[PDB]
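So that we are looking at the same thing, I have put the structure below in structure tokens.
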Amino acid sequence: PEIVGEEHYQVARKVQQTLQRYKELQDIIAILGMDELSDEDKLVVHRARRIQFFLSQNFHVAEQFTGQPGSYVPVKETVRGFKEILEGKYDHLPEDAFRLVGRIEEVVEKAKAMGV
Amino acid sequence: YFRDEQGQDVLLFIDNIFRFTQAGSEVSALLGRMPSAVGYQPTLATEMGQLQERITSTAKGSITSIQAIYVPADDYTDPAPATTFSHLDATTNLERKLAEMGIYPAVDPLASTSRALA
Amino acid sequence: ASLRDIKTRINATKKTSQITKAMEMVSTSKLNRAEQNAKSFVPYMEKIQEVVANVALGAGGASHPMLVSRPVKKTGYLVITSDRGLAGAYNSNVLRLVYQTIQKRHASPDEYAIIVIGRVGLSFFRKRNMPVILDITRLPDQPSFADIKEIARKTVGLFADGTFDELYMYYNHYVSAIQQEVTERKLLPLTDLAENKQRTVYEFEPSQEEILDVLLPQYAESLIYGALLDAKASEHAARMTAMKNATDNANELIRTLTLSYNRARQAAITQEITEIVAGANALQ
Amino acid sequence: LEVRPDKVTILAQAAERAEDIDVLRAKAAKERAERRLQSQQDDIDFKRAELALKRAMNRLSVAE
Amino acid sequence: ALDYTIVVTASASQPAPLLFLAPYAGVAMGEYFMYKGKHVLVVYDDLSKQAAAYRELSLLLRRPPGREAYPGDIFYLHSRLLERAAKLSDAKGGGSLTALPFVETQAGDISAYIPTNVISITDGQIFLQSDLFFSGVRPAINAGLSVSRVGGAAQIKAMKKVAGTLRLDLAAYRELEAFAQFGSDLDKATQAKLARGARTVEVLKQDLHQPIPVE
Amino acid sequence: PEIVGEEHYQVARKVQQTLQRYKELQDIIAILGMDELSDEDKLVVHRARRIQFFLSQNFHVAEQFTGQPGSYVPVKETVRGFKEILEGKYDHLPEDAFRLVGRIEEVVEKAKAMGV
Amino acid sequence: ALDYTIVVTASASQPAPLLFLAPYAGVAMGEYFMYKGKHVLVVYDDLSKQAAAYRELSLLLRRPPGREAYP
Amino acid sequence: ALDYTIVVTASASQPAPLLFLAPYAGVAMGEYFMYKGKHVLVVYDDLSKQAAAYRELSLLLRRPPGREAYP
Amino acid sequence: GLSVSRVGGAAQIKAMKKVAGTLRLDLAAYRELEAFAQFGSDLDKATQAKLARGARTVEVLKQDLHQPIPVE
């Protein structure tokens, strides 16, 4: 917290906590299934999929391979975006539209581009 | 001196007899000798014999030695425990559980063995 | 011999030791609650046993079809197994004894019928293609009288339809934490009914035959529920013993692997220092 | 029911308390729900512990 | 096969410099055709038997040992060899030289010194395991641990489209076969992809000295 | 297959396959026992004990060690004996009846003398 | 805290004898205050680096090695 | 038993050359009676303590050792 | 569990000796039972109280950077 701030530290820490909790449910999801997951853990997998897809970017380099122009995301906007995902503001959005976007407004514009 | 000239029975405490073996290993490494099994001197059994064959009972008196052993890496087959154990006659395992129970001395009765109990 | 591989194997078998110790502790708690359910059931069984004794054994009263021994055209079988595994020979002993008796005294698929309680016995008799009428699946750890009440009512009413003509139970009797003997007990007809201490006579309020018609199915249902509570207690005791033996086997594997670890770390230390001093002596 | 002059005890398969003929049916409708919730909870708890044991012995078998 | 192959043999009775100089003679014979535009395949049938001969002739020339008494430049011994196996540009002629070195391991220890020297040089590796060899899976290629570093750019498009889902099916089978060793009878979808993976394993078997064309 | 024949080769490879599967099951047998194997692995162990003990043989040279006179098994008879073990023909015999025995009829007579 | 703290530094780019002589300089600064009655805390950040540096010095001085080539 | 047996001792405090030549002196004292026709029993108490002493005597001669640092 | 002070007890002040000796036992009883709390009801009163006090003393012993707390 002395180097990144307190808000960045707690947002990145809660991201790490929910991704660790999602990693320690992988055998249960893969074998037993989603229906036996004992909810307050199904919310964890619901938010953790959207977090681990929002961690990916469209690179400026990969414009030549995909056509998507690429983005440079500052640290304040990514802390605000992961904080808004952890608060549950974007749980109504689908599991996609977090794939290969820069900021968090691009998530809702890509999600309403798919009809949501 | 008190075994020979006085003719009496003497105790000889060596706290951490493993420090004797590893100091011999360090003197051997300073002397430039080729190392033996593991990291020990070639003369490990010979140095331990020249120590612990003067701790004997003669017709004059005796020297009986109570010695602390470290047993590194929890390994009773490591050469520095294994060459001390060829000279030992009794072990008095001191236990933390018997000391917290209120038993003094804390000698574990089952773990403690002796060659003389016969 | 691959010191790092030995240490990873040590840590893996320590993890299995911890997991089987936790499962042993869970099965100790479930054994405690199962024997609490058995000792809470026992006064109902004592009272209905003395009532059945005083009614059916006093002043004749053998007119009911569940007292008389009819010639067997079929033979029912009630097999109580576990839903869940990791008991050692809880399921296998019962299923082998049922298989031995059926293949020993029938040699015909229509001469018997099997009522399983549990998924293990159900899958057993579906692998071996035997006819299974009643099935009940996925009981709790601490079963009450309701679920076994509907299947015991179906079982006793299916005896009352004239189908079975007799039936037997097969379960694990909880003798101790280690034993769990397998019992063959004859459920119906009630020919082996024993007399109590004080044989008293009642005034049968409609008649004795009507109260037997309504009461002997409840005695058979209470027999089924008592056998099922005894079988659940022996199940949790068998899983406790199986996980205790698993922790003992894992800990013996830990001590042999630490012996091998000590031999390999000794060989590694002496091999590396032989290399270092050979490279030092090479220069002079 | 069996009545002796001090032993008027009643053997019932289901005995409620709330003094109404249908409250035993309502209690049965509630306890069936609680019972299949427990019947699923016990099974999923065993299968979670068994997945832990199967992965822990997988790593032992892979470790060789 | 002797219409197009060259066999260089440095055998055990031959002196250690011949086992030392056999792969370099093979690469010089390959580079003669590589710098003419031809495509050359070179197989070194035990490259861990070159390291023992180079260790021998280093220790007899009184050079100091290192790990496992190999000299210091044993990584350089294999990497100077294996970096001469290239695919040239179109200005150089267009020729290539693909190499297939072999390394024998001891009790499956891929973390030994010569295996980790040669694993760090090559563009991927193919693990042959006796645990899979004696289970019926012959060739014994551990398809999970075997890495291809070029992979996908090597394949043709028809192999690419369908190998992309072969790898997913077989990795799912490898992940879920661990939970079918003992215990409690995985459900119908997991058993469906276990059957998919077992038929994938039965597809990937072959017999001896009969290769299949790509189609 | 071009040297020992086809049948010899299939019997040899199936013997090696059951012994490899039993070597794989060693850890589960060591900790959890024979109880949790899934009814084909029980058959693998039940046949592989018999195969492992029918590899042992009494020697002419080992007569001075045990008193047993020793045997000479031709190749056709050991392939036939291992094929009949793999087919399930001798599952009913005990496993100690297969130790130190030349051919498979001697397995039969040793189990007969044991009392099966 | 720099009203009462002395800092002795020997980085990785410094020669191995300065890495070897950093903690002895630490106790040489500490014993002057210890034998005057004061109380001193001496903190040795990574003595394993000193062990590696003295291994380096003894091997370049070709003193005979021991376990893990330490002297 | 000392009417027919011979005790040849080389104790733990003796130097490694006397520990190295104890069993060879044992057979050298036994073969006098062996090649006269008599029957001789020879017991070696701890030949592993002969092997350790020959390891000592050869590492002091600076001979390159093998498995478990034995020559 | 793995750490040790060979002076410890002679080092502490009198107010810490009264209180630290049972936090040592609470951490021992928690770290021997931490791997057994992922699943199952072991014991409702004797073990879950140990797990409760251990999971709270872990949170007691956590700190942040550059804030030393006085011994009082």
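Labels for the chains are A, B, C, D, E, F, G, H and I, by order of writing; each one numbers its residues from 1.
The criterion applied here is as follows: a residue touches a chain if its C-beta (ideal position, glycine included) is under 8 Å from a C-beta of that chain, and two chains touch if they have at least 3 such contacts.
Between chain G and chain H the CA-based rotation angle works out to 120°, given as a multiple of 5. Across the structure, the highest number of inter-chain C-beta contacts is found for C-D.
If each chain is reduced to the centroid of its CA atoms, chain A and chain F end up 58 Å from each other. We define each chain's centre as the mean of its Cα atoms; on that basis chain C and chain G are separated by 69 Å.
Chain A and chain D have CA centres that are 40 Å apart. Of all residues in chain C, those that touch two or more other chains are 13, 16, 20, 22-23, 26, 84-86, 269-270, 273-274, 277-278, 281, 283.
Residue positions of chain D touching 2 or more other chains: 40, 47-53, 55, 57, 60-61, 64.
Along chain A, residues 27, 31 each make contact with two or more other chains. In the complex of the two chains, the chain I residues touching chain A come out as 64-66. Residues 13, 16-17, 19-21, 24-25, 28, 32, 36-38, 41 of chain F touch chain E in their complex. Here chain C touches chain I in the complex through residues 18, 21-23, 25-26, 29, going by the rule given at the top. Chain contact summary for the complex, chain C toward chain F: residues 13, 16, 20, 85-89, 92, 127, 242, 245-246, 249-250, 253. Those residues of chain C lying in contact with chain H across their complex are 267, 270, 274, 278, 281.
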